[PDB]
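>>> what would the 3D arrangement of this be:
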Amino acid sequence: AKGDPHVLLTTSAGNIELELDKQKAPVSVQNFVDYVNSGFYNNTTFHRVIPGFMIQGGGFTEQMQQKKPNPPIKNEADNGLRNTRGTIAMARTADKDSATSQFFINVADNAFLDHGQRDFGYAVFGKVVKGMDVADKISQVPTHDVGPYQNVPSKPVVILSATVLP
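Residues are numbered from 1 along each chain as shown. Here you go, the structure:
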């Protein structure tokens, strides 16, 4: 949510500004900023976009090659932050402590993703402060299947740069 560092994602579809919650999600925020500061997210894509749900990125190139990330981090989904529209959270696999570089932006209120009695859920670590219209736009682009992935934009939506703002 409202934490401290701001990050600008400049995409081929427009700009999205993030505010990261360093107080509630210290490990997730540090992890994310290290990826941005190292240039990791430059030329990755939003490889999975689902209208009325979310858009996910930070892992693959245009050619759907997967970049090699750093080691996985502990899940901070029990920090009280919820997966409401306009928040950013960490994607992961089956194990709760499996998140690496991939993140998603909620374009709707997705409470079934929240930490709860049935599942540990997905860690929220910031919010979109500018450019939700862009996030909406990206979620609505034509998609198709590539390899084992569905909902891949037919025309790649590229993160051309990601930078921590002063």
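>>> name the SS class of residue 125, please.
strand (DSSP: H, G, I helix; E, B strand; the rest coil).
>>> now do the same contact list for it.
Remark: with contacts taken as CB atoms under 8 Å, 6 or more residues apart in numbering, residue 125 is in contact with 3, 20-21, 24-25, 28-29, 32, 76, 81, 88-90. Backbone N, C-alpha and C define where each C-beta goes, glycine included.
>>> again with residue 156
If you count contacts by CB under 8 Å, 6+ apart, residue 156 has them with 12, 45, 62.
>>> now do the first one against residue 124, distance only.
Counting by CB to CB, to the nearest Å, the gap between residue 12 and residue 124 amounts to 26 Å.
>>> looking at these two, which is more packed in?
For the pair residue 12 and residue 124, the greater number of neighbours falls to residue 124 (27 against 14), based on other CB atoms under 10 Å.
>>> could you find the closest non-adjacent residue to that one?
If you skip the residues right next to it in sequence, residue 124 has residue 81 as its closest partner in space, 3.8 Å away by CB to CB, 6 or more residues apart in numbering.
>>> quick check: the one you found vs residue 104, distance?
Residue 81 sits at a distance of 14 Å from residue 104 (criterion: CB to CB).
>>> all helices for this protein, in order.
For the chain, helices defined by DSSP state H occupy the ranges 26-37, 132-139.
>>> with distance to residue 71 and mean neighbour count as added columns, please give those helices in JSON lines.
Compiled in JSON lines, the helices of the chain are given as follows (distance: least, CB to CB, whole Å; neighbours: other CB atoms under 10 Å):
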{"stretch": "helix 26-37", "distance to residue 71": "10", "mean neighbour count": "19"}
{"stretch": "helix 132-139", "distance to residue 71": "28", "mean neighbour count": "18"}
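>>> which residue, other than its chain neighbours, is closest to the residue nearest the centre of the chain?
By CA atoms, centre = their mean, the chain has its centre lying nearest to residue 103, at 2.4 Å. Closest residue to residue 103 apart from its sequence neighbours, by CB to CB, 6+ apart: residue 58 at 5.0 Å.
>>> and that neighbour, what does it touch?
Residue 58 sits in contact with 35, 41, 44, 91, 101-103, 159, where contact means CB under 8 Å, 6+ apart.
>>> run the last query once more with 7 Å
Contacts of residue 58 were listed using CB atoms under 7 Å, 6 or more residues apart in numbering, and they are 41, 44, 101-103.
>>> what about the residue lying farthest from the centre of the chain, distance to residue 78?
Taking CA atoms, centre = their mean as the measure, the residue most remote from the mean C-alpha position of the chain is residue 117, 24.1 Å away. The gap separating residue 117 from residue 78 is 12 Å, by CB to CB.
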